[PDB]
Structures are given as structure tokens and as C-alpha cells.
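Enquirer: Pasting an experimental structure with its sequence.
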Amino acid sequence: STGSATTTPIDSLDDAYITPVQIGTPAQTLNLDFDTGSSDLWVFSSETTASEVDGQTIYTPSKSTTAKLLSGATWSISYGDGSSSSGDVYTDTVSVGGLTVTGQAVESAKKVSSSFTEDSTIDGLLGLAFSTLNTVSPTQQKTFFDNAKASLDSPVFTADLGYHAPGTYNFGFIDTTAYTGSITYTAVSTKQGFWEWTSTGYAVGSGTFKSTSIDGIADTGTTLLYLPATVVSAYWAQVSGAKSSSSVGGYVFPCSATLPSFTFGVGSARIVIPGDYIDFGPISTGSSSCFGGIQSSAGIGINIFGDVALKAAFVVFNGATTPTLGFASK
């Protein structure tokens, strides 16, 4: 089998992407944030504290003839951006772009933190990291991809995120029309539960390529590109007027400035992030100071190839017995 679904930016800045997911019988369609940096599929629901729901579409298990309580199961998660959610668990039928998993753990939120409540466009998350990170207790649950894997034509999914435009998540096949050149594959470590890999270096604009190993994760659930402070400093030094602002919480720059591209290495291959992808707009409405899309990972404890980086590529998440990542230009 295969599946194919369009993913759509939630706002004009590509702060995140939402993909429609069918849950239950009859289908309840929720718009979920596909997140290769976590491993829980959780939803706003009829069980979510009322004061914490503000415009989201909810899953109501009692209206699904295929929903079954996963008795005794609870979940609780905290994300790198400080947000969190928790609740109980049902199993139900979940379909993405034509691909159906029966018995998928659907984690129903009883509580969500403020940032979730405040984002009316995201109805939940669908985790696509390794199932070892899943937070369900006492019995850890499998991701949608893990459950689908054996049925897929090939044990892969692909992320093709758009710049200020929709893109595509495919399951079970590689769309050879969706990228240019070849796909370069690179090794993955699953030891921390992430799609963790090692970039071979970087370049800033037309500058010479610096060969240096940068370990990081391919994370569709993180908006920006977070890299070591040395790398980030080298980038912003090429932007007139750029500075690191402690009050804003990262590098900012005047929008009158032109942003250089940023290149990252995948083996001997190179992915070029255009300058425009690194502009995240005014720090506040009407400000002439713009927020940068490349930021320091110092204090995160890991480098993160988030949407800024991934949307410049066609990305293969290869879930073969030995997982790997593939990157192509597009």
C-alpha cells in the first residue's frame, strides 16, 4: 500500500504545517502537525478541558464505532519549545492520504499547554520519530508509520515541504518526479529515538564550503534551523545590521538587508537553502527588525534541521531494518 497527503503551512511564515488525518468511523478529519521529532499521535478531543480548547477541531471517541479505550493507558509529553499535553488513549482507525492503519493508538488530550490552545490551526500532532520515544504508559505504543510499515510497498515516508506553499507527505513510495538530480543517503543513529544524522559541513552564500561534522536531527516539527553558535555567527556576520538579541530570543536583522543562502552538506552532496527561506518577518507588527530562521542550538543539547532546512530538500525517511535518511535538491 501507499498514502499521499498534502501538507499546508499554518500561516504566511511557514511556522508549521498541517496535514489532514481521518480518525474513526465515520471519519473525523483533524489537521495534525506531522512531527519527525516526536512519537505520539495526540489530538484535541471531547475530553480536553473546555477552557483549553479555542477553535480546534476535536476527536470525539464516543462517536466512532471503531474506537476502543486502551484501558489503563495514559500519556504525557513535553516538547523542546516548552509546550506540553497529556491524557488517556484510544485505539481507532487512522487514515492518511488513503493509507489506513487499524488499531492505531490515538492519544486523547485531557490537558494541553497554552501555546496549543492559542494555535487554532493545529488539532494535534502525529509523531514520526522512532516508537521508542512514545510516552504511553504502561504499554508504549507504535507510531502511525511503524504500524503501517509492513503493509507499505517500501518501508519509507517522504517529506516535501513547501516554501510559503503546500507540500506533500508520501508513505510507501518515492515520487521520482518530485526532486532533481539524485537522492544522497546518509547514516542514521536511532540511539536517542530521532532521525539523527551527521551533516558534512556548510557554506554561507557564495562562500567556500567548510568541511566539518555537524550531528543533528531531521525534525519536521521544528520551524527553524538550529546549529552550533560558531556556524550561526558565521552566517549572520554576512548580514548587514544583524545581531543576537537576548530580549527577542535570537538573531534579528533589518528587513532592508539581503539574506545570503545557506548550504549544508549531505555526504558529498549539497542542499542550498535560499536566503528568502531564512526570513521570519517582523519581531512584532510594524517593526523594522526581522526574526532570523537560522538560530543557535546552544542550550538545546542537539542541533535541529527543522523546516527551514528540510523545505529546501526532498527528504526520504527510510525505515528499513537499518534506517537511513535521503536528501535531494528540488
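Expert: The structure has been received and is ready for your questions. Residues are numbered from 1 along each chain as shown.
Enquirer: Residue 295 bridge partners, please.
Expert: On the basis of DSSP bridges, residue 295 takes part in beta bridges with residue 226.
Enquirer: That one touches residue 223, doesn't it?
Expert: No - contact status for residue 295 versus residue 223: not in contact, 9.7 Å apart, counting by CB atoms under 8 Å. C-betas here are computed from N, CA, C, even on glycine.
Enquirer: any shared contact partners between the two?
Expert: Shared contacts of residue 295 and residue 223, defined by CB atoms under 8 Å, 6 or more residues apart in numbering, are absent.
Enquirer: Show me which of the two is the more surrounded one.
Expert: Under the neighbour definition other CB atoms under 10 Å, residue 295 and residue 223 were set side by side, and residue 295 has more, 26 against 20.
Enquirer: dump the residue contacts of the more buried one.
Expert: Residues near residue 295 by CB under 8 Å, 6+ apart: 224-227, 232, 250-251.
Enquirer: most centrally placed residue in this protein?
Expert: Nearest to the geometric centre of the chain sits residue 220, at 1.8 Å (CA atoms, centre = their mean).
Enquirer: What separation do you get for the closest residue to that residue other than its chain neighbours and residue 52?
Expert: The shortest distance from residue 220 to any non-neighbouring residue, by CB to CB, 6 or more residues apart in numbering, is to residue 36 (4.4 Å). In this structure, residue 36 lies at 26 Å from residue 52, with CB to CB, to the nearest Å as the measure.
Enquirer: Looking at the two, which has the bigger crowd around it?
Expert: residue 36 (29 against 18).
Enquirer: Tell me who's in contact with residue 60.
Expert: Applying CB under 8 Å, 6+ apart to residue 60 gives the contacts 28, 45-46.
Enquirer: If we only consider the contacts of residue 295, which is nearest to residue 125?
Expert: Taking CB to CB as the measure, residue 125 lies nearest residue 224 of the contacts of residue 295, at 17.7 Å.
Enquirer: surely the closest one meets residue 277?
Expert: No - between residue 224 and residue 277 no contact is recorded; they are 10.2 Å apart, counting by CB under 8 Å.
Enquirer: Tell me how many other residues crowd the nearest residue to residue 140 once chain neighbours are set aside.
Expert: Computed as CB to CB, 6+ apart, the closest residue to residue 140 that is not its neighbour in sequence is residue 134, at 4.9 Å. Residues within reach of residue 134, counting by other CB under 10 Å, total 24.
Enquirer: All the helices of this protein, in order from the start?
Expert: Listed in chain order, the helices of the chain (DSSP state H) span residues 114-117, 144-148, 229-236, 307-310.
Enquirer: residues making contact with the first one?
Expert: Just to be clear, that refers to helix 114-117. For helix 114-117, the surrounding residues in contact (CB under 8 Å, 6+ apart) are 44, 52-54, 81-83, 85, 122.
Enquirer: Now, of these, which are buried?
Expert: If you count burial by 16 or more other CB atoms under 10 Å, the buried members of the contacts of helix 114-117 come out as 44, 52-53, 83, 85, 122.
Enquirer: Include distance to residue 77 when you put those residues into TSV, please.
Expert: Written out in TSV, the entries for the buried ones among the contacts of helix 114-117 read as follows (distance: CB to CB, whole Å):
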residue	distance to residue 77
44	14
52	15
53	18
83	9
85	6
122	14
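Enquirer: Verify the contact between residue 119 and residue 10 for me.
Expert: Yes - counting by CB under 8 Å, residue 119 touches residue 10, with 7.4 Å between them.
Enquirer: how near is the residue nearest to residue 220 to residue 209?
Expert: 26 Å.
Enquirer: repeat for residue 67
Expert: Between residue 67 and residue 209 the computed distance is 52 Å (CB to CB).
Enquirer: So which of those two has more stuff around it?
Expert: Between residue 67 and residue 209, residue 67 has the larger neighbour count (other CB under 10 Å), namely 21 against 14.
Enquirer: mind checking how far that one is from residue 106?
Expert: Applying CB to CB, the value for residue 67 to residue 106 is 8 Å.
Enquirer: Mutual contacts of the two, please.
Expert: Here residue 67 and residue 106 share the contacting residues 61, 90-92, scored by CB under 8 Å, 6+ apart.
Enquirer: and the residues you listed, which two are the farthest apart?
Expert: Counting by CB to CB, the most remote pair of the shared contacts of residue 67 and residue 106 is 61 and 91, 9.7 Å apart.
Enquirer: The contacts of residue 60 into a markdown table, with extra columns for distance to residue 110 and neighbour count?
Expert: Shown next, in a markdown table, are the contacts of residue 60 (distance: CB to CB, whole Å; neighbours: other CB atoms under 10 Å):
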| residue | distance to residue 110 | neighbour count |
| --- | --- | --- |
| 28 | 18 | 22 |
| 45 | 8 | 26 |
| 46 | 10 | 13 |
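Enquirer: mind listing what the closest residue in space to residue 254 that isn't next to it in sequence touches?
Expert: For residue 254, ignoring the flanking residues on the chain, the nearest one in space by CB to CB, 6+ apart is residue 241 at 4.4 Å. Contact partners of residue 241, counting by CB under 8 Å, 6+ apart, are 253-254, 256-257.
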